[PDB]
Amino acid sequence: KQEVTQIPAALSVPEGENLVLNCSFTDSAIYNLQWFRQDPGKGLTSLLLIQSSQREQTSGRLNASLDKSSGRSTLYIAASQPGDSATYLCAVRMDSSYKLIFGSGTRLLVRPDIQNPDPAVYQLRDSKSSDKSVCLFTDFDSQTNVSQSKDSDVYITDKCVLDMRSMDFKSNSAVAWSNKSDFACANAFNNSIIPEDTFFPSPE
């Protein structure tokens, strides 16, 4: 009978913003509600547990409310960090049942704030003796999205944030490669909306 709903299914936010995650449940006869965080392909970590009679609970930058009669819970995350990127799951335990009934989760991504963008596309050659290389699109700001290729023989990854922690430096990147003859890093990301000032380097 119990149906637990989470919206939004997916959330992308700039680092530093507060954020709001919603949980709904059709049956108010709950005993508690628990929020978890999941790093995908691993297990869940309990974040907060709110008793049916409690209205709130907080832990560090995390705060959650419960309105059992409305069948709602809200999770608030203050000053988001890229390390908050994860799946956030809501679950309820019912009166006179031991099991937790889970929602489907919110997939959260906190995009890094890029201080000094320097967008460029570089060609990288195999360390092992071969004809192989890849194209690296890097140093673009987090507003830039990396699209898939018009050509199906061309492989392009989604964007990815790395953190050079000691340098207080974060950077975005995506990788493209292909076995086809006419493939070049100058054209690899042609279908993406990229900055006009993107740097394309000359002969190596």
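Just count from 1 along the sequence shown to find any residue number.
Peer 1: Which has the higher mean CA temperature factor in the PDB entry, 173-181 or 133-141?
Peer 2: The stretch with the larger mean CA B-factor is 173-181.
Peer 1: Can you tell me which stretch has the higher mean Cα B-factor, 119-127 or 92-100?
Peer 2: Result: 92-100.
Peer 1: Would you mind checking which of 38, 46, 69, 157 has the top Cα temperature factor in the PDB entry?
Peer 2: Max CA B-factor in the entry, restricted to 38, 46, 69, 157: 69.
Peer 1: Considering only modelled residues of the same chain, in which third does the CA B-factor of residue 166 rank: lowest, middle or highest?
Peer 2: According to the entry, residue 166 has a C-alpha B-factor in the chain's highest third.
Peer 1: Name the third of the chain's ranked CA B-factors that contains residue 34, choosing lowest, middle or highest.
Peer 2: Lowest third, going by the recorded CA B-factors of the chain.
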